[PDB]
file data37.tsv (TSV, C-alpha atoms and all ligand atoms)
chain	number	residue	atom	x	y	z
A	891	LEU	CA	68.94	198.42	-89.28
A	892	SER	CA	68.24	195.75	-91.90
A	893	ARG	CA	67.69	196.41	-95.60
A	894	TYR	CA	66.69	192.75	-96.07
A	895	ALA	CA	63.56	192.57	-93.92
A	896	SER	CA	60.10	194.10	-93.78
A	897	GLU	CA	59.50	193.09	-90.14
A	898	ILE	CA	62.01	192.76	-87.29
A	899	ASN	CA	60.72	191.02	-84.15
A	900	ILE	CA	62.89	191.43	-81.04
A	901	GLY	CA	62.40	189.26	-78.00
A	902	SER	CA	62.28	190.86	-74.57
A	903	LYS	CA	65.61	189.31	-73.50
A	904	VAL	CA	67.90	190.71	-76.21
A	905	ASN	CA	70.65	192.92	-74.83
A	906	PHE	CA	72.24	195.78	-76.79
A	907	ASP	CA	75.69	197.20	-76.16
A	908	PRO	CA	75.29	200.79	-74.89
A	909	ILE	CA	78.65	202.02	-76.23
A	910	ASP	CA	78.20	200.29	-79.62
A	911	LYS	CA	74.49	199.77	-80.30
A	912	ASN	CA	75.41	197.65	-83.35
A	913	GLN	CA	76.44	194.77	-81.08
A	914	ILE	CA	73.70	192.31	-80.12
A	915	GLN	CA	73.98	189.86	-77.22
A	916	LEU	CA	71.83	186.74	-77.55
A	917	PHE	CA	71.54	184.61	-74.41
A	918	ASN	CA	70.55	180.97	-73.99
A	919	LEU	CA	67.08	182.16	-72.96
A	920	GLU	CA	63.88	181.58	-74.86
A	921	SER	CA	62.97	185.26	-75.30
A	922	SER	CA	66.54	186.14	-76.34
A	923	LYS	CA	65.92	186.10	-80.07
A	924	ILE	CA	65.57	188.29	-83.15
A	925	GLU	CA	63.34	187.18	-86.02
A	926	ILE	CA	63.53	189.13	-89.27
A	927	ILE	CA	61.02	188.55	-92.07
A	928	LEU	CA	62.78	188.86	-95.42
A	929	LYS	CA	61.33	190.92	-98.23
A	930	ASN	CA	59.76	188.65	-100.85
A	931	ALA	CA	62.68	189.31	-103.23
A	932	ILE	CA	65.46	188.55	-100.72
A	933	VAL	CA	63.95	185.13	-99.91
A	934	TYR	CA	66.07	182.37	-101.46
A	935	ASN	CA	64.52	179.64	-103.63
A	936	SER	CA	66.67	178.33	-106.47
A	937	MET	CA	68.72	175.42	-107.77
A	938	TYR	CA	71.48	177.52	-109.36
A	939	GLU	CA	71.56	181.03	-107.85
A	940	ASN	CA	74.66	181.67	-105.78
A	941	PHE	CA	74.49	183.48	-102.44
A	942	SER	CA	76.76	184.43	-99.56
A	943	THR	CA	76.38	185.60	-95.96
A	944	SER	CA	78.65	187.49	-93.58
A	945	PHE	CA	78.54	188.59	-89.94
A	946	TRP	CA	80.77	189.33	-86.98
A	947	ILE	CA	80.59	187.15	-83.88
A	948	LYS	CA	82.23	187.10	-80.45
A	949	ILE	CA	82.00	183.65	-78.87
A	950	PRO	CA	82.74	183.46	-75.12
A	951	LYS	CA	85.13	180.76	-74.00
A	952	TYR	CA	83.75	177.32	-73.29
A	953	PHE	CA	84.32	176.68	-69.60
A	954	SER	CA	83.12	173.17	-68.74
A	955	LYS	CA	82.37	169.69	-70.06
A	956	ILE	CA	78.71	170.64	-70.48
A	957	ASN	CA	79.87	172.36	-73.70
A	958	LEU	CA	81.48	169.29	-75.31
A	959	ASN	CA	79.43	167.54	-78.01
A	960	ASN	CA	76.63	170.09	-78.00
A	961	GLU	CA	76.08	171.53	-81.48
A	962	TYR	CA	73.51	174.34	-81.13
A	963	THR	CA	72.03	176.62	-83.80
A	964	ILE	CA	72.50	180.38	-83.64
A	965	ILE	CA	71.15	181.53	-87.03
A	966	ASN	CA	68.30	179.49	-88.51
A	967	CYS	CA	66.87	179.77	-92.03
A	968	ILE	CA	65.54	176.23	-92.46
A	969	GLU	CA	61.85	175.61	-93.11
A	970	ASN	CA	60.35	172.29	-94.24
A	971	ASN	CA	63.82	170.72	-93.84
A	972	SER	CA	65.37	172.98	-96.46
A	973	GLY	CA	67.52	176.09	-96.28
A	974	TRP	CA	70.66	177.08	-94.40
A	975	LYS	CA	71.76	177.61	-90.83
A	976	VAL	CA	74.81	178.69	-88.83
A	977	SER	CA	75.49	176.58	-85.74
A	978	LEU	CA	78.18	176.42	-83.05
A	979	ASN	CA	79.86	173.78	-80.91
A	980	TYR	CA	82.86	173.38	-78.65
A	981	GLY	CA	85.56	175.18	-80.63
A	982	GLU	CA	83.57	175.05	-83.87
A	983	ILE	CA	81.61	177.30	-86.21
A	984	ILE	CA	79.39	175.25	-88.53
A	985	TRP	CA	77.59	176.03	-91.80
A	986	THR	CA	74.85	173.67	-93.00
A	987	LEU	CA	72.88	173.44	-96.27
A	988	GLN	CA	69.82	171.27	-96.92
A	989	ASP	CA	67.79	170.67	-100.08
A	990	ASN	CA	64.27	169.31	-100.41
A	991	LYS	CA	65.61	165.75	-100.94
A	992	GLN	CA	67.16	165.20	-97.46
A	993	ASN	CA	70.66	166.02	-98.76
A	994	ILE	CA	72.92	167.81	-96.28
A	995	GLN	CA	76.35	169.43	-96.57
A	996	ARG	CA	78.38	170.94	-93.73
A	997	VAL	CA	81.36	173.28	-93.81
A	998	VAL	CA	83.13	173.60	-90.47
A	999	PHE	CA	85.63	176.01	-88.91
A	1000	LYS	CA	87.65	174.66	-85.97
A	1001	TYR	CA	89.68	176.55	-83.38
A	1002	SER	CA	91.50	175.23	-80.32
A	1003	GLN	CA	91.14	176.29	-76.69
A	1004	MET	CA	94.52	174.72	-75.87
A	1005	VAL	CA	96.64	177.68	-77.04
A	1006	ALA	CA	98.50	180.44	-75.24
A	1007	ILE	CA	96.95	183.47	-76.98
A	1008	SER	CA	93.96	182.69	-79.21
A	1009	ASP	CA	92.78	184.92	-82.04
A	1010	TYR	CA	89.21	183.63	-81.75
A	1011	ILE	CA	88.25	182.93	-78.12
A	1012	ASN	CA	85.92	185.73	-76.94
A	1013	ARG	CA	87.19	188.01	-79.72
A	1014	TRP	CA	85.31	189.56	-82.61
A	1015	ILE	CA	85.90	187.52	-85.76
A	1016	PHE	CA	84.54	188.19	-89.25
A	1017	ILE	CA	82.76	185.17	-90.72
A	1018	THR	CA	82.04	184.95	-94.44
A	1019	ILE	CA	80.28	182.02	-96.08
A	1020	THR	CA	79.99	181.77	-99.85
A	1021	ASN	CA	78.02	179.27	-101.92
A	1022	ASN	CA	78.47	178.30	-105.58
A	1023	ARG	CA	75.66	175.94	-106.54
A	1024	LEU	CA	77.82	174.59	-109.38
A	1025	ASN	CA	80.66	173.42	-107.10
A	1026	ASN	CA	81.62	174.36	-103.54
A	1027	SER	CA	80.58	176.15	-100.39
A	1028	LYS	CA	83.35	178.04	-98.61
A	1029	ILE	CA	83.79	179.45	-95.11
A	1030	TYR	CA	86.12	182.39	-94.47
A	1031	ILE	CA	87.42	183.67	-91.13
A	1032	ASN	CA	88.69	187.27	-91.05
A	1033	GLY	CA	88.97	187.16	-94.84
A	1034	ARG	CA	91.13	184.01	-94.94
A	1035	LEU	CA	89.80	180.88	-96.60
A	1036	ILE	CA	89.60	178.06	-94.04
A	1037	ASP	CA	87.67	175.15	-95.58
A	1038	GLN	CA	85.41	174.17	-98.46
A	1039	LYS	CA	83.08	171.32	-99.41
A	1040	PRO	CA	81.18	170.38	-102.58
A	1041	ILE	CA	77.46	171.21	-102.73
A	1042	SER	CA	76.83	170.59	-106.44
A	1043	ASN	CA	74.78	167.44	-105.77
A	1044	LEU	CA	72.22	169.47	-103.80
A	1045	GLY	CA	68.92	170.02	-105.57
A	1046	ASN	CA	66.48	172.85	-104.94
A	1047	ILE	CA	67.11	174.82	-101.76
A	1048	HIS	CA	63.97	176.68	-100.66
A	1049	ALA	CA	65.11	178.66	-97.63
A	1050	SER	CA	62.77	180.13	-95.04
A	1051	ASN	CA	61.03	183.47	-95.30
A	1052	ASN	CA	62.41	184.35	-91.87
A	1053	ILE	CA	65.82	184.25	-90.23
A	1054	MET	CA	65.80	183.32	-86.53
A	1055	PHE	CA	68.78	184.63	-84.55
A	1056	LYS	CA	68.52	182.48	-81.42
A	1057	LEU	CA	70.51	179.90	-79.48
A	1058	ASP	CA	68.68	176.62	-80.11
A	1059	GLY	CA	69.63	173.24	-78.67
A	1060	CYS	CA	72.26	174.60	-76.29
A	1061	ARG	CA	72.61	172.84	-72.93
A	1062	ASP	CA	74.79	175.55	-71.32
A	1063	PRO	CA	72.45	177.81	-69.31
A	1064	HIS	CA	75.05	180.60	-69.07
A	1065	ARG	CA	75.74	180.52	-72.82
A	1066	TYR	CA	75.48	183.61	-74.99
A	1067	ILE	CA	76.96	185.13	-78.13
A	1068	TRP	CA	77.63	188.62	-79.46
A	1069	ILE	CA	76.68	189.30	-83.10
A	1070	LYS	CA	76.66	192.32	-85.41
A	1071	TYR	CA	76.67	193.43	-89.05
A	1072	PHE	CA	74.70	190.58	-90.58
A	1073	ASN	CA	74.62	190.70	-94.38
A	1074	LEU	CA	73.22	188.63	-97.25
A	1075	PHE	CA	74.52	188.60	-100.81
A	1076	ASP	CA	72.96	187.31	-104.03
A	1077	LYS	CA	76.29	186.13	-105.47
A	1078	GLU	CA	79.38	184.11	-104.63
A	1079	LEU	CA	81.74	186.72	-103.19
A	1080	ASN	CA	85.38	186.43	-104.24
A	1081	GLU	CA	88.38	186.83	-101.95
A	1082	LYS	CA	88.85	190.52	-102.81
A	1083	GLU	CA	85.20	191.31	-102.05
A	1084	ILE	CA	85.57	189.49	-98.72
A	1085	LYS	CA	88.85	191.31	-98.02
A	1086	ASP	CA	87.17	194.68	-98.62
A	1087	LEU	CA	84.16	193.82	-96.45
A	1088	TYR	CA	86.49	192.82	-93.62
A	1089	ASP	CA	88.36	196.14	-93.77
A	1090	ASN	CA	85.31	198.32	-94.43
A	1091	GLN	CA	83.39	197.07	-91.37
A	1092	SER	CA	86.42	197.39	-89.06
A	1093	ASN	CA	85.79	201.05	-88.07
A	1094	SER	CA	89.44	201.94	-88.62
A	1095	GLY	CA	88.96	205.37	-87.04
A	1096	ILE	CA	88.22	203.88	-83.60
A	1097	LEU	CA	90.75	201.95	-81.54
A	1098	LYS	CA	89.77	198.44	-80.42
A	1099	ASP	CA	90.63	196.57	-77.24
A	1100	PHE	CA	91.96	193.00	-77.22
A	1101	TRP	CA	88.47	191.52	-77.68
A	1102	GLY	CA	87.60	193.81	-80.61
A	1103	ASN	CA	85.31	196.18	-78.71
A	1104	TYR	CA	85.81	199.94	-78.91
A	1105	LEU	CA	88.58	201.36	-76.75
A	1106	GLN	CA	87.15	203.44	-73.91
A	1107	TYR	CA	88.20	205.99	-71.32
A	1108	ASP	CA	88.12	205.34	-67.56
A	1109	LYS	CA	88.24	201.60	-68.33
A	1110	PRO	CA	91.13	199.65	-66.74
A	1111	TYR	CA	93.12	197.63	-69.30
A	1112	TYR	CA	95.71	194.94	-68.73
A	1113	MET	CA	98.52	195.46	-71.23
A	1114	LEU	CA	99.91	192.94	-73.71
A	1115	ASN	CA	102.97	193.65	-75.86
A	1116	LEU	CA	102.56	191.96	-79.24
A	1117	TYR	CA	106.30	191.61	-79.92
A	1118	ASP	CA	106.72	189.37	-76.85
A	1119	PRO	CA	103.25	188.27	-75.67
A	1120	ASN	CA	104.71	186.22	-72.80
A	1121	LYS	CA	105.52	189.38	-70.81
A	1122	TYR	CA	103.45	191.77	-68.72
A	1123	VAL	CA	103.97	195.33	-67.49
A	1124	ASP	CA	105.11	195.96	-63.92
A	1125	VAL	CA	106.26	199.00	-61.94
A	1126	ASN	CA	109.58	198.84	-60.09
A	1127	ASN	CA	108.80	201.86	-57.91
A	1128	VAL	CA	106.44	204.81	-58.11
A	1129	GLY	CA	108.13	208.13	-58.86
A	1130	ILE	CA	110.70	209.56	-61.23
A	1131	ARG	CA	113.24	207.20	-59.60
A	1132	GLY	CA	111.34	204.08	-60.74
A	1133	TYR	CA	110.49	202.59	-64.11
A	1134	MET	CA	108.04	200.31	-65.92
A	1135	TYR	CA	109.34	197.00	-67.25
A	1136	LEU	CA	108.23	193.78	-68.94
A	1137	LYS	CA	108.60	190.61	-66.87
A	1138	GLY	CA	107.71	187.04	-67.77
A	1139	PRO	CA	106.55	184.46	-68.28
A	1140	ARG	CA	102.76	184.75	-68.07
A	1141	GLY	CA	100.69	182.41	-65.95
A	1142	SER	CA	98.24	179.78	-67.13
A	1143	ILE	CA	94.48	179.39	-66.73
A	1144	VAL	CA	93.45	175.76	-67.03
A	1145	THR	CA	90.45	173.46	-66.90
A	1146	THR	CA	91.42	169.90	-67.82
A	1147	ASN	CA	90.23	168.77	-71.28
A	1148	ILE	CA	88.54	172.17	-71.77
A	1149	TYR	CA	91.00	175.05	-72.08
A	1150	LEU	CA	94.65	175.85	-71.37
A	1151	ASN	CA	95.56	179.49	-72.05
A	1152	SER	CA	97.87	182.21	-70.85
A	1153	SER	CA	96.43	184.48	-68.19
A	1154	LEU	CA	95.55	187.95	-69.42
A	1155	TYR	CA	94.73	189.89	-66.23
A	1156	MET	CA	98.40	190.37	-65.41
A	1157	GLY	CA	100.45	193.39	-64.42
A	1158	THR	CA	99.70	197.02	-63.69
A	1159	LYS	CA	96.53	198.12	-65.47
A	1160	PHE	CA	96.41	201.16	-67.74
A	1161	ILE	CA	93.55	203.68	-67.59
A	1162	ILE	CA	93.12	206.10	-70.49
A	1163	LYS	CA	92.04	209.58	-69.37
A	1164	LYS	CA	90.60	212.41	-71.43
A	1165	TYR	CA	92.71	215.45	-72.27
A	1166	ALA	CA	91.67	216.91	-75.63
A	1170	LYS	CA	82.18	214.04	-75.85
A	1171	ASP	CA	81.79	210.32	-75.12
A	1172	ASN	CA	83.91	207.46	-73.75
A	1173	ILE	CA	85.30	206.22	-77.09
A	1174	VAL	CA	89.02	206.47	-77.89
A	1175	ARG	CA	89.35	207.58	-81.51
A	1176	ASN	CA	92.38	207.90	-83.76
A	1177	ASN	CA	94.72	210.85	-83.11
A	1178	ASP	CA	93.10	211.53	-79.72
A	1179	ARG	CA	95.42	213.20	-77.20
A	1180	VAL	CA	95.00	211.38	-73.88
A	1181	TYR	CA	96.58	210.70	-70.50
A	1182	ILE	CA	97.77	207.27	-69.35
A	1183	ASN	CA	97.20	206.36	-65.70
A	1184	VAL	CA	98.86	203.29	-64.16
A	1185	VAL	CA	97.62	201.55	-61.01
A	1186	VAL	CA	100.17	200.38	-58.43
A	1187	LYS	CA	98.77	198.69	-55.30
A	1188	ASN	CA	95.22	199.81	-56.15
A	1189	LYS	CA	96.21	203.47	-56.59
A	1190	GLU	CA	96.36	205.52	-59.78
A	1191	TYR	CA	99.51	207.32	-60.92
A	1192	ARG	CA	100.40	209.27	-64.05
A	1193	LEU	CA	102.60	207.74	-66.74
A	1194	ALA	CA	105.25	210.27	-67.76
A	1195	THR	CA	108.95	210.66	-68.51
A	1196	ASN	CA	111.79	213.18	-68.44
A	1197	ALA	CA	112.55	213.68	-72.13
A	1198	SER	CA	115.80	215.48	-71.21
A	1199	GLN	CA	117.41	212.15	-70.24
A	1200	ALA	CA	120.31	210.89	-72.34
A	1201	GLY	CA	119.60	208.76	-75.40
A	1202	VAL	CA	116.65	208.45	-77.75
A	1203	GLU	CA	115.01	205.79	-75.55
A	1204	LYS	CA	113.23	207.90	-72.92
A	1205	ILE	CA	112.55	205.60	-69.97
A	1206	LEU	CA	108.98	205.93	-68.70
A	1207	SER	CA	108.17	206.57	-65.04
A	1208	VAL	CA	104.94	206.52	-63.04
A	1209	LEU	CA	104.76	209.74	-61.00
A	1210	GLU	CA	102.15	211.10	-58.64
A	1211	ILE	CA	99.56	213.01	-60.64
A	1212	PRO	CA	99.86	216.27	-58.61
A	1213	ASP	CA	103.66	216.05	-58.99
A	1214	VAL	CA	103.99	215.69	-62.76
A	1215	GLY	CA	105.20	219.25	-63.31
A	1216	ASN	CA	106.40	219.81	-66.87
A	1217	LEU	CA	107.27	216.15	-67.50
A	1218	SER	CA	106.09	214.78	-70.83
A	1219	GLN	CA	102.79	212.93	-70.45
A	1220	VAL	CA	100.46	213.59	-73.42
A	1221	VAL	CA	99.88	210.51	-75.59
A	1222	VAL	CA	98.42	210.49	-79.11
A	1223	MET	CA	96.47	207.26	-79.61
A	1224	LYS	CA	96.78	205.70	-83.05
A	1225	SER	CA	94.98	202.77	-84.69
A	1236	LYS	CA	99.42	202.79	-80.85
A	1237	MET	CA	100.73	205.28	-78.24
A	1238	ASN	CA	102.84	208.23	-79.47
A	1239	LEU	CA	104.07	210.23	-76.48
A	1240	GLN	CA	104.49	213.97	-77.07
A	1241	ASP	CA	106.21	216.79	-75.22
A	1242	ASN	CA	104.52	220.00	-74.10
A	1243	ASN	CA	105.79	221.60	-77.32
A	1244	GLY	CA	103.65	219.21	-79.37
A	1245	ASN	CA	106.62	217.27	-80.78
A	1246	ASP	CA	106.94	213.50	-81.01
A	1247	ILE	CA	109.06	211.88	-78.30
A	1248	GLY	CA	108.31	208.45	-79.73
A	1249	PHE	CA	105.99	205.46	-79.70
A	1250	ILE	CA	105.81	203.72	-76.32
A	1251	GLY	CA	107.74	200.44	-76.45
A	1252	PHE	CA	110.53	198.73	-74.55
A	1253	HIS	CA	114.33	198.59	-74.62
A	1254	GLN	CA	116.83	196.40	-72.78
A	1255	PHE	CA	118.75	198.17	-69.98
A	1256	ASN	CA	121.10	195.81	-68.12
A	1257	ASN	CA	118.95	192.70	-68.63
A	1258	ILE	CA	115.86	194.78	-67.75
A	1259	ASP	CA	113.39	195.35	-70.60
A	1260	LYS	CA	112.18	198.76	-69.44
A	1261	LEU	CA	109.36	200.62	-71.16
A	1262	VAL	CA	110.66	203.56	-73.21
A	1263	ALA	CA	109.35	206.25	-75.54
A	1264	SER	CA	111.55	206.23	-78.63
A	1265	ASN	CA	111.33	208.06	-81.95
A	1266	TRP	CA	113.23	205.09	-83.38
A	1267	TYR	CA	109.82	203.44	-83.72
A	1268	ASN	CA	108.44	206.47	-85.58
A	1269	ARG	CA	111.34	206.22	-88.03
A	1270	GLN	CA	111.08	202.45	-88.50
A	1277	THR	CA	105.42	194.22	-85.38
A	1278	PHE	CA	107.69	196.19	-83.04
A	1279	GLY	CA	107.84	196.67	-79.27
A	1280	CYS	CA	105.35	199.52	-79.76
A	1281	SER	CA	102.54	197.08	-80.71
A	1282	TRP	CA	100.22	196.78	-77.70
A	1283	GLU	CA	96.83	195.23	-76.95
A	1284	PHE	CA	94.49	196.60	-74.28
A	1285	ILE	CA	92.86	193.71	-72.40
A	1286	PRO	CA	89.90	194.62	-70.14
A	1287	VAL	CA	88.07	192.30	-67.77
A	1288	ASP	CA	85.35	190.49	-69.72
A	1289	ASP	CA	82.73	187.89	-68.82
A	1290	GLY	CA	83.43	185.91	-71.97
A	1291	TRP	CA	86.99	185.22	-70.80
A	1292	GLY	CA	86.16	184.13	-67.24
A	1293	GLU	CA	89.56	184.67	-65.60
A	1294	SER	CA	89.62	186.20	-62.12
A	1295	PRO	CA	91.68	189.39	-61.65
A	1296	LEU	CA	94.50	188.80	-59.17
B	1301	LIG	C1	117.39	191.94	-80.30
B	1301	LIG	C2	116.17	191.10	-80.66
B	1301	LIG	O1	116.25	189.87	-80.71
B	1301	LIG	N1	115.02	191.79	-80.90
B	1301	LIG	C3	114.83	193.24	-80.85
B	1301	LIG	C4	113.81	193.69	-81.94
B	1301	LIG	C5	114.40	193.63	-83.38
B	1301	LIG	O2	115.45	194.58	-83.50
B	1301	LIG	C6	113.32	193.81	-84.48
B	1301	LIG	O3	112.13	194.41	-83.96
B	1301	LIG	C7	113.01	192.49	-85.20
B	1301	LIG	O4	111.90	192.66	-86.08
B	1301	LIG	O5	113.40	195.05	-81.78
B	1301	LIG	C8	113.03	195.56	-80.44
B	1301	LIG	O6	114.13	196.27	-80.01
B	1301	LIG	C9	114.52	197.56	-80.48
B	1301	LIG	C10	116.06	197.72	-80.53
B	1301	LIG	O7	116.56	196.79	-81.48
B	1301	LIG	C11	116.44	199.18	-80.88
B	1301	LIG	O8	117.84	199.37	-80.93
B	1301	LIG	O9	115.87	200.06	-79.92
B	1301	LIG	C12	114.42	200.00	-79.86
B	1301	LIG	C13	114.00	201.08	-78.88
B	1301	LIG	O10	114.36	202.35	-79.37
B	1301	LIG	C14	113.91	198.60	-79.51
B	1301	LIG	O11	114.23	198.28	-78.17
B	1301	LIG	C15	111.64	196.33	-80.53
B	1301	LIG	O12	111.19	196.38	-81.71
B	1301	LIG	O13	111.17	196.79	-79.47
B	1301	LIG	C16	113.07	194.41	-79.43
B	1301	LIG	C17	114.39	193.64	-79.44
B	1301	LIG	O14	115.47	194.41	-78.87
call {"tool": "encode", "arguments": {"input": "data37.tsv", "output": "structure tokens"}}
result
Amino acid sequence: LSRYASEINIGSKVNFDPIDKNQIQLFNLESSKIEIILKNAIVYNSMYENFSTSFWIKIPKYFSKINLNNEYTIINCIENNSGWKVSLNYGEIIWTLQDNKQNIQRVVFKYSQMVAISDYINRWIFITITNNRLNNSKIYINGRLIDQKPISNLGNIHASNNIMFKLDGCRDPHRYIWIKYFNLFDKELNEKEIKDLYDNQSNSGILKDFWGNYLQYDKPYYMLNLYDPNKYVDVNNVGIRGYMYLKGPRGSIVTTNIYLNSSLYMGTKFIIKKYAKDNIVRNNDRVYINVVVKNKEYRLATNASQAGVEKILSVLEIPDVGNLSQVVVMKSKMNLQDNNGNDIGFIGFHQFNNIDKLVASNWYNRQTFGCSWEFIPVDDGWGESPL
């Protein structure tokens, strides 16, 4: 789907996401490419006309020293040494402009791999790049302005007729990217236009996992509580006599001079089960939550007749749930309901004798709280090994 091109050439080694066919995976392989041939009107050739581009990208973590000092192109629109391109490097997204007089200007976005929880590593991020031929070129990340450089000294920019989506110059043989929702604009977008594009293309009716992919059923997720991200979920004991609690701190995954992050595959995984025709978790879906303890699934539930508004959650055997409250209404996070269809509360945590146990409390519904979760599945772009 491209309203900019008359011909779309797809190499034999382009992979498409089966759950979300909008997502395109381009490998560091020579047939892993998509060339689009712009319509004659969309082709850029001017000294004064402003233009802007936007796209979503998910960049896997850089794992080794073979990734340092290796700027490689991913989106190429340069012909006869003139035009624009998007390139990548170790912890960098790079925008480059070239005129017909060997003038070059680069605008760069930088993110670190030496952070506990990154917002960019192996996660979908919205990139917007805007260009005002009378002053500056700007790069936005998730709608926030990051950096800007002057381009007014650049003469005529005759871009290419084609746009080549392909990893070019990359020395990492395992390297790939995910890309979707490429767009071109014949104006300099302002912050509000970028803000609206970011929200419009977010698919707010579908829940997303930690990496930005669609939330799915029968997919094991490691849980992260956004109020205190240094904790992970554990199960004291299975049965109505045990509870779920948040214990910390998280571990570390390290590779010297490359990355130092918190480990994400920690704690008892959650598995979302269907209750009330695909494997996509949408807003207001009523689902079941299964929790694995020692490689065995059990049903998350509680006894809402317990004292206090904070209803401590237990992990019971599925055949032995009885009439205990278990239905969860997913929301884009988890609103546990009783069998009467009434809210018991958003799933969060509450301190009980120095133990931050997971509770379902309507105090959240009344009122970032302890009910803010992220679902972290195993992903090749992260690289960690599940313990
Ligand atoms: C005590 C503390 O430092 N933090 C609280 C936190 C804050 O009250 C608030 O979210 C700051 O923005 O809120 C959390 O705790 C809640 C309790 O304060 C409340 O009485 O009961 C809640 C459960 O029904 C919940 O435990 C939270 O938002 O989860 C965490 C912490 O206690």
call {"tool": "residues_near_ligand", "arguments": {"input": "data37.tsv", "ligand": "ligand LIG 1301 (chain B)", "cutoff": "6 Å", "atoms": "all atoms listed in the file", "output": "NGL selection string"}}
result
:A and (1203 or 1251-1253 or 1264 or 1266 or 1278-1279)
call {"tool": "closest_residue", "arguments": {"input": "data37.tsv", "among": "A:1019, A:937, A:1006, A:1185", "to": "residue 1141 of chain A", "atoms": "all atoms listed in the file"}}
result
A:1006
call {"tool": "atom_distance", "arguments": {"input": "data37.tsv", "atom1": "atom CA of residue 917 of chain A", "atom2": "atom CA of residue 1060 of chain A"}}
result
10.2 Å
call {"tool": "residues_near_point", "arguments": {"input": "data37.tsv", "point": "(69.0, 178.9, -84.1)", "cutoff": "10 Å", "atoms": "all atoms listed in the file", "output": "JSON, numbers by chain"}}
result
{"A": [923, 962, 963, 964, 965, 966, 967, 968, 975, 976, 977, 978, 1053, 1054, 1055, 1056, 1057, 1058, 1059, 1060]}
call {"tool": "closest_residue", "arguments": {"input": "data37.tsv", "among": "A:1036, A:1285, A:1136, A:1186", "to": "residue 1109 of chain A", "atoms": "only C-alpha atoms"}}
result
A:1285
call {"tool": "axis_aligned_box", "arguments": {"input": "data37.tsv", "around": "segment 1045-1055 of chain A", "padding_each_side": "6 Å", "output": "JSON"}}
result
{"center_x": 65.0, "center_y": 177.3, "center_z": -95.1, "size_x": 19.9, "size_y": 26.6, "size_z": 33.0}
call {"tool": "residues_near_point", "arguments": {"input": "data37.tsv", "point": "(73.3, 185.7, -98.8)", "cutoff": "7 Å", "atoms": "all atoms listed in the file", "output": "MDAnalysis selection string"}}
result
chainID A and resid 941:943 1073:1076
call {"tool": "atom_distance", "arguments": {"input": "data37.tsv", "atom1": "atom CA of residue 1101 of chain A", "atom2": "atom CA of residue 1143 of chain A"}}
result
17.4 Å
call {"tool": "atom_distance", "arguments": {"input": "data37.tsv", "atom1": "atom CA of residue 1149 of chain A", "atom2": "atom CA of residue 954 of chain A"}}
result
8.8 Å
call {"tool": "residues_around", "arguments": {"input": "data37.tsv", "residues": "residue 1037 of chain A", "least_positions_apart": "6", "cutoff": "9 Å", "atoms": "only C-alpha atoms", "output": "mmCIF file with C-alpha atoms, in the frame of the given file"}}
result
data_model
loop_
_atom_site.group_PDB
_atom_site.id
_atom_site.type_symbol
_atom_site.label_atom_id
_atom_site.label_comp_id
_atom_site.auth_asym_id
_atom_site.auth_seq_id
_atom_site.Cartn_x
_atom_site.Cartn_y
_atom_site.Cartn_z
ATOM 1 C CA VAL A 997 81.360 173.280 -93.810
ATOM 2 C CA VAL A 998 83.130 173.600 -90.470
ATOM 3 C CA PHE A 999 85.630 176.010 -88.910
ATOM 4 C CA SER A 1027 80.580 176.150 -100.390
ATOM 5 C CA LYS A 1028 83.350 178.040 -98.610
ATOM 6 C CA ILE A 1029 83.790 179.450 -95.110
ATOM 7 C CA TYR A 1030 86.120 182.390 -94.470
#
call {"tool": "decode", "arguments": {"input": "data37.tsv", "residues": "segment 1037-1043 of chain A", "atoms": "N, CA, C and O atoms", "output": "tab-separated table (two decimals), in the first residue's frame"}}
result
chain	number	residue	atom	x	y	z
A	1037	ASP	N	16.61	17.38	17.45
A	1037	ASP	CA	17.75	18.13	16.96
A	1037	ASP	C	17.39	18.80	15.64
A	1037	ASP	O	16.41	18.45	14.99
A	1038	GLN	N	18.22	19.78	15.25
A	1038	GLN	CA	17.98	20.56	14.05
A	1038	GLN	C	19.29	21.17	13.57
A	1038	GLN	O	20.17	21.49	14.38
A	1039	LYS	N	19.40	21.33	12.26
A	1039	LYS	CA	20.60	21.85	11.61
A	1039	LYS	C	20.20	22.72	10.44
A	1039	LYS	O	19.16	22.48	9.81
A	1040	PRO	N	20.99	23.74	10.11
A	1040	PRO	CA	20.65	24.61	8.98
A	1040	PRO	C	21.00	23.96	7.64
A	1040	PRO	O	22.04	23.32	7.49
A	1041	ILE	N	20.10	24.16	6.67
A	1041	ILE	CA	20.23	23.58	5.33
A	1041	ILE	C	20.06	24.67	4.28
A	1041	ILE	O	20.01	24.37	3.08
A	1042	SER	N	19.98	25.93	4.71
A	1042	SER	CA	19.66	27.02	3.78
A	1042	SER	C	20.75	27.25	2.75
A	1042	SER	O	20.46	27.80	1.68
A	1043	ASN	N	21.99	26.85	3.02
A	1043	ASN	CA	23.06	27.01	2.04
A	1043	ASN	C	23.02	25.96	0.94
A	1043	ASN	O	23.82	26.04	-0.01
